[PDB]
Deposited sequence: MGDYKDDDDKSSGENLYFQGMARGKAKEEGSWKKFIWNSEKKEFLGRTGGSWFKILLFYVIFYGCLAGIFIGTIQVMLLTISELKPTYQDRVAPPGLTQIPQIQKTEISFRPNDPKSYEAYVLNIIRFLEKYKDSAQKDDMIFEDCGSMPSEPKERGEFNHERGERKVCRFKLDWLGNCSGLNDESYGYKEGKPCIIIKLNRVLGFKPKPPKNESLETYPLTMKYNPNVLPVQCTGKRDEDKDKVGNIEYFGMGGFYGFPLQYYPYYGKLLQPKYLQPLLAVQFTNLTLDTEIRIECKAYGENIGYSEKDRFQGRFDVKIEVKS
């Protein structure tokens, strides 16, 4: 229509610019109420999940010890995860602090405020992992039919685990058992290696203060070896964490527990 094209295009440019500006302003107004130190709510995350290493697909661990290529992915995943727990990686004394080798009460490093600076982090020693650290056995129990898994509790800001009342009041217990009565006899003898010889998570690594107040944070680990798995069968194992603060769900199969199915072939 000639000259009115400029007028209608100008109207639409102004209208869409105003719409974008109003949307951006509403987003800023909403984000002004959002803290960068602690989340507003923890409705979905507060009861932590229990997760294992290596990261696997369909929850199945299946390998043949005689073929190194069957467990290469598992070993690579374990190496990639544990590479940050090396002794050389925790040498900075201004960032890392040497908490006790025995379980203790949670360490309160202040409040969720930008003051007080970055919070120091307890060190976790790979030697505590035991037969599953890679220091001596580079295959983490694989290559021998005795696989290792590393259990971790999902990180939640300001969350302090509460071990159940009576034994150790500073360790959150974890146990791995066969899922069914068929798996309970073929699973074998479960070996646990935790810090100080206790099966669980020491409480001094809690609470977690976030990726901005506590970078380089190391969550506690608990390695589990099996060492007596029945060959050529699929054993279903259930690892569960116990605590007053720890809850479970029938819809979320990874909340406070997880399932792993391990088959070591011949």
{"property": "Sequence ranges absent from the coordinates, based on the deposited chain and numbered from 1", "result": "1-47, 214-224"}
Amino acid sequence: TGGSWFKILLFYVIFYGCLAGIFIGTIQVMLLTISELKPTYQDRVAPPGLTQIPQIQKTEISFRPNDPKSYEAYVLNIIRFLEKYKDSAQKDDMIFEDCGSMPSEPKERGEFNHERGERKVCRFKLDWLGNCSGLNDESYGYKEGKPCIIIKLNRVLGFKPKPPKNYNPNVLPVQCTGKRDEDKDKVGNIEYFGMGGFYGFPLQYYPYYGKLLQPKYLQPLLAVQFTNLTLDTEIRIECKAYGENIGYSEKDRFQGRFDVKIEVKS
From here on, numbers count along this sequence of modelled residues.
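The term rigid core refers to the most C-alpha atoms you can superpose between the two forms while keeping them within 1.5 Å.
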| item | value |
| --- | --- |
| More variable segment, 167-175 or 145-153 [Cα RMS over structures in 5 other deposited structures of this protein, core-superposed] | 167-175 |
